[PDB]
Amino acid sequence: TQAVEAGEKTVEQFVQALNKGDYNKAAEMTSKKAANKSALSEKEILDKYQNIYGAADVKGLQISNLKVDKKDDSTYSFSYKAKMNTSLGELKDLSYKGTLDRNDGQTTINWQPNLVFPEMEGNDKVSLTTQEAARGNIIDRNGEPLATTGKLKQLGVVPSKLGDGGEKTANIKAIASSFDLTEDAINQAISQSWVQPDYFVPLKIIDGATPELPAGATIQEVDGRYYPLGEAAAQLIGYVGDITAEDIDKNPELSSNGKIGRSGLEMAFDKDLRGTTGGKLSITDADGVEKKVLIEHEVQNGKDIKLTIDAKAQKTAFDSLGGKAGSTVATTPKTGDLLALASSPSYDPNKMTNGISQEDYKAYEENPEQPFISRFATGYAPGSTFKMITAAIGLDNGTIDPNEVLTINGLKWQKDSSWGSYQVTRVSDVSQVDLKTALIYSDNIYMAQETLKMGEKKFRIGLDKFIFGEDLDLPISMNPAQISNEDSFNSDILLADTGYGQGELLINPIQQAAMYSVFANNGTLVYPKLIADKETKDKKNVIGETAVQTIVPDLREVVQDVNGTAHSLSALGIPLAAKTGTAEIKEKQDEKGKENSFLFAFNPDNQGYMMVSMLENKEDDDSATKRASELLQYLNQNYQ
């Protein structure tokens, strides 16, 4: 028994060394090279595992049903089942055999070639054939390509057919002028250490028509990932990059010669889009005759993925932001279909996937507006647009009388002196303010007073009916919305600030469109939906239907009233219920305060669409409302 337990331990140490990819340590646990002992020395056992397991990308060795018994007084036999992962999938239930040598107080393994794979003898060989899987496509709600595989025209220069002095310098300036290239970039490209004078040095992927080709400039045709919307959907779709040795070490089933999603939906749906590698892993004898097929299956191309996105609305929403910082989310609020998820500024996903220079990537990374941010998935304070929610909560618990008229003097208000120098600020000095007037003029003082009168307890009861703290079932990385940092405000100022969408509220644009959908579903919250085939989810009785029938007519006046904050949208001549908003943010880079401009809008007649747009750190005289006319026209025409 004491020798049987020692034999079991050494087999477990041998498997563990192979499991951890430490082949040299596993070889040192073997007996000496002999006839009935080990078949090879330690160095060539190391080389056999390193060569064979490396060729099949063997990762992770797990065994089961280990049995060590006694044959002779010096040799103990062992057997166990085992499984491992390869570049062609999991290789399950492998029956391994062998014997253990016992001399002195050391138990070693009589190594044989059948310890690499179960049925190998002597000079048997291992072969691996693989067929690469074609990557699936990402399409919109009408089948338009968002991420597809196309034929790209690659511009390149052959430094041999270029020149020497006057001919070389003139041709480089001609190519740089005819293809929007820097003369220093072309010289740096052909001066790389890998370049030979007769080689084809690729420069960039050209899109559209091809101009004249000067001496040396030649166009070759290559296949690669292509994004038709470009930067208009770069944060949502993402990009693919070359698979690295580090990627294979983490997942050997990846194609060692293919692409992998690095961000966005390309990464979130990488498994479904990449498919499975097809091929065969077989064992042959010394004559190359097939002895045993270990793994074999055909190639399975990646499956397509259809989104709720409207490719026309996505491009319209992104273009409307004019390159400024901000985001826009468009939905069909009755089903939750995400028609558009625009984030601005953005980056070029085609440039990312077709090789980007360290300078262009550095410009993206050091842009203070940060184009890499997915602003539709980043939490923000919702701004004074949130007065809709506080009003609906106040109507439900009876704390807000729609006809009660408050008397507000000036633009600043304080509960008492305990607030110190802080005051809630409004933009319009209206003396007699009821609920309808407060929504039309966006009166933060009114709602701050109604929030304080309502109380934190009743306020949170209405807030808890929404989606605060919930994880949305979406293939987009995001954090749950929050009311504040803790379960209690512990501050009348924080309570009042939360009443009009400031405070410690953090809600991303997608979560905002979810909460605001109650006004298009008579108080029912409809969860947003990105995958077209998925089922509509909703949440009943978030706010009362009476509150909806009270607030939506007021939201019509935000557009139709001459002093409504969204009156410029009345020029469209379409039925609109809207609510503008602002959020004041303090920053340390600039001692002056920044603000975000918000716009909520939907069709109150048919509930066909709904949009939530925001400008982050807006320039002076800029707003989300002045940029929404084109998207509102398109959504109203095509979504009823």
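Numbering starts at 1 and runs along the sequence shown.
Participant: Decide which of the stretches 218-226 and 397-405 has the higher mean C-alpha B-factor, going by the entry.
Facilitator: On average, C-alpha B-factors are higher across 218-226.
Participant: Mean C-alpha B factor from the entry: is it higher for 81-89 or for 483-491?
Facilitator: Per the deposited B-factors, the answer is 81-89.
Participant: In terms of CA temperature factor as recorded, identify the highest of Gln106, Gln502, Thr451, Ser568.
Facilitator: Among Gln106, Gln502, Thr451, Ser568, the PDB entry lists the largest C-alpha B-factor for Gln106.
Participant: Given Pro475, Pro211, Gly564, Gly410, identify the residue with the highest C-alpha B factor in the PDB entry.
Facilitator: Reading the PDB entry, the winner on C-alpha B-factor is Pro211.
Participant: Sort the modelled residues of this chain by their C-alpha B factor and say whether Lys539 lands in the lowest, middle or highest third.
Facilitator: Its C-alpha B-factor belongs to the lowest third of this chain's values.
Participant: Using the temperature factors of the C-alpha atoms in this entry, rank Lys37 within its chain: lowest, middle or highest third.
Facilitator: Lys37: CA B-factor falls in the highest third of its chain.
Participant: Should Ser31 be placed in the lowest, middle or highest third of its chain by the C-alpha B factor in the entry?
Facilitator: For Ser31, the deposited C-alpha B-factor lands in the highest third.
Participant: According to the PDB entry, is the CA B factor of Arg627 in the bottom, middle or top third of its chain, that is, lowest, middle or highest?
Facilitator: Lowest third of the chain for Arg627's C-alpha B-factor.
Participant: If you rank every modelled residue in this chain by C-alpha B factor, which third holds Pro113: lowest, middle or highest?
Facilitator: Its C-alpha B-factor, which the entry lists for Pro113, ranks in the highest third among residues of this chain.
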